[PDB]
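Step one of this worksheet: look at the structure below.
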Amino acid sequence: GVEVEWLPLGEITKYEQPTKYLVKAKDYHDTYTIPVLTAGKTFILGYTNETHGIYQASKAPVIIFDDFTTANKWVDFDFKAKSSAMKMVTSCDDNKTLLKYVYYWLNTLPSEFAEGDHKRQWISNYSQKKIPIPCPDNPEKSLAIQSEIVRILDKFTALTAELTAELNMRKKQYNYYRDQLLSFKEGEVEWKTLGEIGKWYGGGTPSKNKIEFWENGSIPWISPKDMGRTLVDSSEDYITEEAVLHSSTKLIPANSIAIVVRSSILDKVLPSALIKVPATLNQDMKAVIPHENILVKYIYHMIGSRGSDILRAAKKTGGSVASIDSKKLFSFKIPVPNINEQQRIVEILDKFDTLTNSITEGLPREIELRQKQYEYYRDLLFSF
Amino acid sequence: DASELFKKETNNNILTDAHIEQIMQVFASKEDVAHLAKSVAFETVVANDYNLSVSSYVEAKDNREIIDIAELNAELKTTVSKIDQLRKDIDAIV
Amino acid sequence: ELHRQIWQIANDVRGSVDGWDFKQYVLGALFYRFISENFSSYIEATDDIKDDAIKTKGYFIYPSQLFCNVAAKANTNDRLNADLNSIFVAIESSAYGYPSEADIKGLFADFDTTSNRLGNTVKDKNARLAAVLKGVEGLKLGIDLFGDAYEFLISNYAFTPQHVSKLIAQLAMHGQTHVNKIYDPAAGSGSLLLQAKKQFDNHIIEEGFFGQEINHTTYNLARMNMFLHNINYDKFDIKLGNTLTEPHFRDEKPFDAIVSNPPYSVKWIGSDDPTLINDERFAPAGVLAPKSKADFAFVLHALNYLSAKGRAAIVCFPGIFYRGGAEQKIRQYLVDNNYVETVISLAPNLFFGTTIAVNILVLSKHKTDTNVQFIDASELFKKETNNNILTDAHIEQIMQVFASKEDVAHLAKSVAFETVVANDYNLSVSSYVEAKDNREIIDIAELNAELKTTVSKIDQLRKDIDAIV
Amino acid sequence: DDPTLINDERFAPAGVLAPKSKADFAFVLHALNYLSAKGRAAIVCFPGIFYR
Amino acid sequence: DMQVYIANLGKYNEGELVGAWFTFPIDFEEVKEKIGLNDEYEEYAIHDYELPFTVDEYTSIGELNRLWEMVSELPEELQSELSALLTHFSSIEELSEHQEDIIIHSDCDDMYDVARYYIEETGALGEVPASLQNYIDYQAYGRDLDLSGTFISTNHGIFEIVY
């Protein structure tokens, strides 16, 4: 603490490369036991961990990714592979280091390790120096005096991992809860064909050669890369209010739902957004406005519930970029009950998913706050 | 058929023998087997606009979980989370 | 207006084949128009414009000594597009051989051979190149802004853009009112040589814009490129040939500014079949460049042809960095004397037809001694499609830091020679100053954390009321 | 429709010819031309020939 | 197999030249008594050899025993292609400095497969969408990997000298 010496990195560090492998049989299905692990998310599906030159990841070294990436680190979790880029960083010394300490102390250098600019490899950079080290406490009580902060950082990283785990748990339980409750409604709950709730609108797009129709303005121009979000308040592009002269767009009210119809689906769940501003959107998506028989959040969450079947309702329509057409999107019939059982049940379901995600009163943004304060308290390490 | 159709080994080597025999086997007399396709009506295919091949694509990858296991896991992880957050709050000494 | 006539060129020439086939025909017709207008404005500068075949051989020797072509008789472009739409084709195939009479002296010629007869049938050829000559005649060019259309038409999609070339020119040109200038190994076009006389008609002419180039079809368009820009004639040449295997000029002379743009790692099987280990230029390196990385052979050839006053400004792909000991000893010989002065990084892509970035070496036999490894990644305005432009008063910041060895952060600075021999002779690591790093405050983050815990837990307990099965 | 393929032996029962760059149903009409009252055709297609 | 024909500086006329084969390590005295002398000690005329590298006719035997240690230190896939590595390096000592930098692609055989390895297996540029996975140019990316780094192609695989 008071006796901190800047020791070089490779003084107590053994660097090596992964051995020879055949880690890829031509089918790598989930039923096998070792996880194929890379950068980003360290989990691809199962492989068999024997008779392939395996390193099998003994008791906690760390790794490097990658050529040209140079940022991602991992603690070897239980016993995993060496998949094609896991060049090993570990320790020669085994009574001072406790190299999860220096794993944490890679986050004492994101300063020079933030700018990966050219085509580049940084072997000598981690190979030489430096790191502040509580030496001259070798090997007596250095782990004992860093035991405080490693208890702190272990429980905080554990907090982050379990918060991601329980966020998965809340989303999983709530996705089952969407399908259990609010469905199969009877009786006799009325049956409404889609679009009869209110006349939905098509789209519209200007040219991009027109500079005066694209450069400035104040209408939110909603593209599907802006989509996938909930409670849309603005857009990336603030397109011109004059640009509606050659847009074929329609001005929509301030309580609408926005929904894409182009190729995010055919595999997965469709996007859906509450849009709060009068906006205009391109050919790549659509907007629906309801009318007079409803609550608008009931249409939103009814489409969100029935997404798993309206991805199927006009599913193929050819194997092209084309998708669910206007017809079988339009010609699906939904339950619409008595009036008091619109705003009651959506008051529960809105209250649940505003607790789940974003942004006001949402859990992963809180997790990001925790990651920010955790990295700041890692900047509150023993530098003193 | 979408699988199998052994499309795994590079490149899509090979729909083996006794593997197309299932394909020929259902083809024999007009059978109707799920997770796989079946017969349709002529009136249904003139009702639709003459497509290929939408029906059936039977409902894979859909799994539902039981309430009480998920909510007991949820409440126990909240107890662990809250004792660790108050442990953080003692350990939030500036 | 400029872009009006530029758009006229960009539309009114494109018919009806691949651009790298009618390239030769359109540029040859435009070049024939320039020869016609230049020779007419010479002989008419008193208004006897409509000429006559009475040509004065005792006078018709003097522009053959002066402009190197008594270009015509009544056989110009002005006399040909009015008398166009007539049999036959090869009046101009003779009237290219006749302005190449020109044997005395300093030919710089045998030149219009790219224009040919194909075509499939001869009347189709007549109609097509009559349309070509008429479309070149149908241009609003007047009288001195001629070569701008040539520089636009050579810039096709398929070439060393004008702002990077301006940067290479301005780097090699400051505090130097001297002679001669300027040499170029592997010139390609005459583009990057041309930004001297774009400015340096100011004091005097110095000597000829020298150069050497490999590909003959590019050699022709290069020799007409610096012909159209009203440049004088006698020493203002390019010689055909490879600079490594067939170097000239050794005899003349140590230069005072050189520029280049070598291609990325062209192969050359030279090491070690001739006496290039004991030649005049590769011998002080101690080794030849390896078997497919030609670039430091170009920079050794560059430092060969340079005096005790001038300076070299060449480009490189950034990959020629360490590349084993065969390149480490070339970098060692460069830093061992005070040859190398300044490297410059530029941003990817910045180029027609590549992906990777570049670097710029500035060499001098001129001492301080320290290596300002002045970098740039942004800006470098690479945003507007594709990566244009390094505008004016934007490279002036680059030249401005380059002025006297300054040391400015978020940007690079000088280093120590002992530091760069301590490191293993790199380019260009230092400095890479510390962007995108931001830290927050304790109390704001933790108050936000605790209030969202209160709201989240009251929402979770209200969820637990609403968890009725 | 440059020759009499609108009134030929095989494309006339279709009522139209195949369009100008999608030859595949011209192949399947040519296929069903040369087949008796007993046999059967087995041809392949790109899956895009769907509605078009 | 990795041997020499070292005799003799005596008999410059080489009348019934002697001295057949000596593997490594090499004694001075055993070879000297095998081949005799010219009444004094001037020997090791390196006439013929069989080595993975090139050596001159005046090299001392101690330098041969010095080089044999570093040659026999390396694995066989390096020892099979020592001249190919010498086309980029300059000495066996310099190869011994950087003997762990060389990455060996036994699987890959040409630049298309090297690009396919770096993209599909590693994900050096990022994740690969499956609908994109066929529409990725490998030849131009292979040419730019060639012009960026330093790759050497042999019979076994591809040697990559990394920095």
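FYI, nothing fancy with the structure tokens labels: chains A, B, ... in order, residues from 1 per chain, ligands from 1 as they appear.
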(message) Neighbouring residues of residue 11 of chain E were defined as those with any atom within 12 Å, considering only C-alpha atoms; residues of the same chain fewer than 2 positions away were excluded. Please report them as a PyMOL selection string.
(response) chain E and resi 7-9+13-18+35-39+42-43+45
(request) For segment 33-40 of chain B, work out the shell of residues within 10 Å, counting only C-alpha atoms and skipping chain neighbours fewer than 4 positions away, then give it as a list in words. (result) residues 1, 2, 3, 26, 27, 44, 45, 53, 54, 55, 56, 57, 58, 59 and 60 of chain B
Could those selected residues go to a file with N, CA, C and O atoms, as a PDB file, in the first residue's frame?
ATOM      1  N   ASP B   1     -38.256 -30.816 -47.212  1.00  0.00           N
ATOM      2  CA  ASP B   1     -37.224 -31.172 -46.257  1.00  0.00           C
ATOM      3  C   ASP B   1     -36.312 -29.965 -46.120  1.00  0.00           C
ATOM      4  O   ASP B   1     -35.979 -29.321 -47.119  1.00  0.00           O
ATOM      5  N   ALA B   2     -35.943 -29.645 -44.889  1.00  0.00           N
ATOM      6  CA  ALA B   2     -34.843 -28.737 -44.609  1.00  0.00           C
ATOM      7  C   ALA B   2     -33.689 -29.428 -43.910  1.00  0.00           C
ATOM      8  O   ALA B   2     -32.531 -29.126 -44.207  1.00  0.00           O
ATOM      9  N   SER B   3     -33.986 -30.364 -43.011  1.00  0.00           N
ATOM     10  CA  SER B   3     -33.005 -31.229 -42.373  1.00  0.00           C
ATOM     11  C   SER B   3     -33.770 -32.417 -41.807  1.00  0.00           C
ATOM     12  O   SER B   3     -34.836 -32.225 -41.214  1.00  0.00           O
ATOM     13  N   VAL B  26     -41.862 -41.639 -47.624  1.00  0.00           N
ATOM     14  CA  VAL B  26     -43.071 -40.847 -47.439  1.00  0.00           C
ATOM     15  C   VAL B  26     -43.729 -40.573 -48.785  1.00  0.00           C
ATOM     16  O   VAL B  26     -44.961 -40.494 -48.885  1.00  0.00           O
ATOM     17  N   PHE B  27     -42.928 -40.513 -49.851  1.00  0.00           N
ATOM     18  CA  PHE B  27     -43.435 -40.275 -51.196  1.00  0.00           C
ATOM     19  C   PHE B  27     -44.293 -41.425 -51.720  1.00  0.00           C
ATOM     20  O   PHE B  27     -45.071 -41.215 -52.658  1.00  0.00           O
ATOM     21  N   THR B  44     -57.601 -25.366 -51.092  1.00  0.00           N
ATOM     22  CA  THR B  44     -56.726 -24.528 -50.285  1.00  0.00           C
ATOM     23  C   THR B  44     -55.637 -23.889 -51.134  1.00  0.00           C
ATOM     24  O   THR B  44     -55.267 -22.731 -50.910  1.00  0.00           O
ATOM     25  N   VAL B  45     -55.119 -24.619 -52.124  1.00  0.00           N
ATOM     26  CA  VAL B  45     -54.018 -24.079 -52.909  1.00  0.00           C
ATOM     27  C   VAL B  45     -54.527 -23.175 -54.025  1.00  0.00           C
ATOM     28  O   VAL B  45     -53.758 -22.367 -54.560  1.00  0.00           O
ATOM     29  N   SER B  53     -42.737 -23.535 -51.054  1.00  0.00           N
ATOM     30  CA  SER B  53     -43.669 -24.482 -50.465  1.00  0.00           C
ATOM     31  C   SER B  53     -43.886 -24.087 -49.011  1.00  0.00           C
ATOM     32  O   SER B  53     -43.105 -24.462 -48.138  1.00  0.00           O
ATOM     33  N   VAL B  54     -44.949 -23.318 -48.773  1.00  0.00           N
ATOM     34  CA  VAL B  54     -45.155 -22.678 -47.476  1.00  0.00           C
ATOM     35  C   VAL B  54     -45.531 -23.708 -46.419  1.00  0.00           C
ATOM     36  O   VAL B  54     -44.828 -23.875 -45.417  1.00  0.00           O
ATOM     37  N   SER B  55     -46.649 -24.401 -46.624  1.00  0.00           N
ATOM     38  CA  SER B  55     -47.060 -25.462 -45.714  1.00  0.00           C
ATOM     39  C   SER B  55     -46.069 -26.619 -45.785  1.00  0.00           C
ATOM     40  O   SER B  55     -45.735 -27.083 -46.877  1.00  0.00           O
ATOM     41  N   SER B  56     -45.593 -27.095 -44.632  1.00  0.00           N
ATOM     42  CA  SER B  56     -46.145 -26.785 -43.314  1.00  0.00           C
ATOM     43  C   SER B  56     -45.222 -26.003 -42.382  1.00  0.00           C
ATOM     44  O   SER B  56     -45.690 -25.096 -41.688  1.00  0.00           O
ATOM     45  N   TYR B  57     -43.937 -26.383 -42.362  1.00  0.00           N
ATOM     46  CA  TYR B  57     -42.884 -25.782 -41.528  1.00  0.00           C
ATOM     47  C   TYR B  57     -43.238 -25.885 -40.038  1.00  0.00           C
ATOM     48  O   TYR B  57     -43.456 -24.889 -39.348  1.00  0.00           O
ATOM     49  N   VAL B  58     -43.283 -27.128 -39.560  1.00  0.00           N
ATOM     50  CA  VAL B  58     -43.899 -27.445 -38.268  1.00  0.00           C
ATOM     51  C   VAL B  58     -42.945 -27.045 -37.144  1.00  0.00           C
ATOM     52  O   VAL B  58     -41.955 -27.735 -36.880  1.00  0.00           O
ATOM     53  N   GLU B  59     -43.182 -25.852 -36.593  1.00  0.00           N
ATOM     54  CA  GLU B  59     -43.128 -25.501 -35.162  1.00  0.00           C
ATOM     55  C   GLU B  59     -42.003 -26.171 -34.371  1.00  0.00           C
ATOM     56  O   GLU B  59     -42.227 -26.911 -33.414  1.00  0.00           O
ATOM     57  N   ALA B  60     -40.776 -25.898 -34.791  1.00  0.00           N
ATOM     58  CA  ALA B  60     -39.619 -26.297 -34.010  1.00  0.00           C
ATOM     59  C   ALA B  60     -39.283 -25.204 -32.994  1.00  0.00           C
ATOM     60  O   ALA B  60     -39.967 -24.182 -32.903  1.00  0.00           O
TER      61      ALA B  60
END
(message) I need the chain A residues near chain C as number ranges by chain; criterion: at most 7 Å, counting only C-alpha atoms.
(response) A: 111, 352, 355, 361, 366, 369, 373, 376
Any chance you could tabulate, as CSV, the residues of chain C at most 8 Å from chain E with each one's nearest atom pair and distance in Å to one decimal, using only C-alpha atoms, in chain and rising number order?
residue,atom,partner,partner_atom,distance
C:264,CA,E:147,CA,7.2
C:265,CA,E:147,CA,6.9
C:290,CA,E:88,CA,7.6
C:318,CA,E:148,CA,8.0
C:319,CA,E:148,CA,5.1
C:320,CA,E:148,CA,7.9
C:322,CA,E:163,CA,7.4
C:323,CA,E:150,CA,6.8
C:324,CA,E:89,CA,6.5
C:325,CA,E:89,CA,6.3
C:326,CA,E:89,CA,6.8
Would you write out, as a Markdown table, a table of all residues in chain B that have an atom no more than 10 Å from an atom of chain C, listing for each the closest atom pair and the distance in Å to one decimal, considering only C-alpha atoms and ordering rows by chain and rising residue number?
| residue | atom | partner | partner_atom | distance |
| --- | --- | --- | --- | --- |
| B:67 | CA | C:469 | CA | 8.7 |
| B:68 | CA | C:469 | CA | 9.9 |
| B:71 | CA | C:467 | CA | 9.2 |
| B:75 | CA | C:464 | CA | 9.8 |
| B:78 | CA | C:457 | CA | 9.7 |
| B:82 | CA | C:453 | CA | 9.7 |
| B:85 | CA | C:453 | CA | 9.7 |
| B:89 | CA | C:450 | CA | 9.5 |
| B:92 | CA | C:446 | CA | 9.1 |
| B:94 | CA | C:442 | CA | 8.3 |
(request) Output as a PyMOL selection string the set of chain D residues within 9 Å of chain B, with distances taken over only C-alpha atoms. (result) chain D and resi 47+49-51
Hey, can you spit out that residue selection with N, CA, C and O atoms as an mmCIF file, in the first residue's frame?
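Printed below is result-v1.cif as written:
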data_model
loop_
_atom_site.group_PDB
_atom_site.id
_atom_site.type_symbol
_atom_site.label_atom_id
_atom_site.label_comp_id
_atom_site.auth_asym_id
_atom_site.auth_seq_id
_atom_site.Cartn_x
_atom_site.Cartn_y
_atom_site.Cartn_z
ATOM 1 N N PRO D 47 -35.558 -22.048 -56.210
ATOM 2 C CA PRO D 47 -36.802 -21.852 -55.449
ATOM 3 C C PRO D 47 -37.464 -20.514 -55.686
ATOM 4 O O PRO D 47 -38.625 -20.343 -55.293
ATOM 5 N N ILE D 49 -38.716 -19.306 -58.317
ATOM 6 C CA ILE D 49 -39.785 -19.253 -59.304
ATOM 7 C C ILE D 49 -41.086 -19.588 -58.579
ATOM 8 O O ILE D 49 -41.617 -20.705 -58.607
ATOM 9 N N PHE D 50 -41.605 -18.564 -57.916
ATOM 10 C CA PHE D 50 -42.544 -18.723 -56.819
ATOM 11 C C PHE D 50 -43.880 -18.061 -57.107
ATOM 12 O O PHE D 50 -44.904 -18.745 -57.189
ATOM 13 N N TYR D 51 -43.885 -16.744 -57.279
ATOM 14 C CA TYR D 51 -44.994 -16.028 -57.887
ATOM 15 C C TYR D 51 -44.533 -15.277 -59.124
ATOM 16 O O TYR D 51 -45.065 -15.522 -60.207
#
(request) Could you give me, as a ChimeraX atom specification, the residues within 12 Å of residue 130 of chain E, counting only C-alpha atoms and dropping anything in the same chain fewer than 5 positions from it? (result) /E:120,135-136
Write the residues of the preceding selection, restricted to N, CA and C atoms, as a tab-separated table (two decimals), in the first residue's frame.
chain	number	residue	atom	x	y	z
E	120	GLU	N	-13.10	-17.37	-41.10
E	120	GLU	CA	-14.14	-18.29	-40.65
E	120	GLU	C	-13.82	-18.86	-39.27
E	135	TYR	N	-20.77	-14.67	-49.28
E	135	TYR	CA	-20.50	-13.47	-50.07
E	135	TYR	C	-19.38	-12.63	-49.46
E	136	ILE	N	-18.23	-13.25	-49.19
E	136	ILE	CA	-17.07	-12.53	-48.69
E	136	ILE	C	-15.90	-12.84	-49.61
(message) Please compute the atom CA of residue 115 of chain E-atom CA of residue 138 of chain E distance, one decimal, in Å.
(response) 5.9 Å
Neighbouring residues of residue 218 of chain C were defined as those with any atom within 9 Å, considering only C-alpha atoms; residues of the same chain fewer than 4 positions away were excluded. Please report them as a tab-separated table (two decimals) with N, CA and C atoms, in the first residue's frame.
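Resulting contents of selection_12.tsv:
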chain	number	residue	atom	x	y	z
C	188	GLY	N	4.07	7.03	-63.17
C	188	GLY	CA	2.71	6.70	-63.53
C	188	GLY	C	2.16	7.75	-64.48
C	189	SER	N	1.24	8.58	-64.00
C	189	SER	CA	0.85	9.77	-64.73
C	189	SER	C	1.87	10.87	-64.48
C	213	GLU	N	9.31	5.91	-66.09
C	213	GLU	CA	8.07	5.18	-65.90
C	213	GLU	C	8.15	3.87	-66.69
C	214	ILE	N	7.39	2.87	-66.23
C	214	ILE	CA	7.51	1.50	-66.73
C	214	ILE	C	6.52	1.22	-67.86
C	222	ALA	N	1.26	10.01	-69.69
C	222	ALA	CA	2.08	10.87	-68.85
C	222	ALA	C	2.81	11.92	-69.67
C	223	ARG	N	3.34	11.55	-70.83
C	223	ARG	CA	4.05	12.53	-71.65
C	223	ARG	C	3.11	13.56	-72.25
(request) Would you kindly return, as a PyMOL selection string, each protein, DNA or RNA residue with an atom no farther than 10 Å from any atom of residue 51 of chain E, considering only C-alpha atoms and excluding same-chain residues fewer than 5 positions away? (result) chain E and resi 1-4+68+71+82
Based on the selection just made, write N, CA and C atoms of those residues as a PDB file, in the first residue's frame.
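Below you can see selection-v3.pdb, which holds the result:
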ATOM      1  N   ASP E   1      23.306 -38.317 -44.052  1.00  0.00           N
ATOM      2  CA  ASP E   1      22.334 -37.499 -43.341  1.00  0.00           C
ATOM      3  C   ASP E   1      23.072 -36.534 -42.424  1.00  0.00           C
ATOM      4  N   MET E   2      23.145 -35.272 -42.863  1.00  0.00           N
ATOM      5  CA  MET E   2      23.769 -34.164 -42.133  1.00  0.00           C
ATOM      6  C   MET E   2      25.236 -34.467 -41.816  1.00  0.00           C
ATOM      7  N   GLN E   3      26.035 -34.567 -42.875  1.00  0.00           N
ATOM      8  CA  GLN E   3      27.410 -35.037 -42.763  1.00  0.00           C
ATOM      9  C   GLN E   3      28.283 -34.292 -43.763  1.00  0.00           C
ATOM     10  N   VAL E   4      29.593 -34.550 -43.716  1.00  0.00           N
ATOM     11  CA  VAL E   4      30.572 -33.847 -44.539  1.00  0.00           C
ATOM     12  C   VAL E   4      31.629 -34.823 -45.047  1.00  0.00           C
ATOM     13  N   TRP E  68      25.340 -27.111 -35.531  1.00  0.00           N
ATOM     14  CA  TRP E  68      24.576 -28.352 -35.459  1.00  0.00           C
ATOM     15  C   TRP E  68      23.655 -28.391 -34.248  1.00  0.00           C
ATOM     16  N   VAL E  71      20.648 -26.335 -35.222  1.00  0.00           N
ATOM     17  CA  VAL E  71      19.865 -27.012 -36.253  1.00  0.00           C
ATOM     18  C   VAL E  71      19.087 -28.178 -35.653  1.00  0.00           C
ATOM     19  N   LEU E  82      14.645 -25.309 -43.834  1.00  0.00           N
ATOM     20  CA  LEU E  82      15.536 -24.299 -43.267  1.00  0.00           C
ATOM     21  C   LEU E  82      16.012 -23.298 -44.307  1.00  0.00           C
TER      22      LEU E  82
END
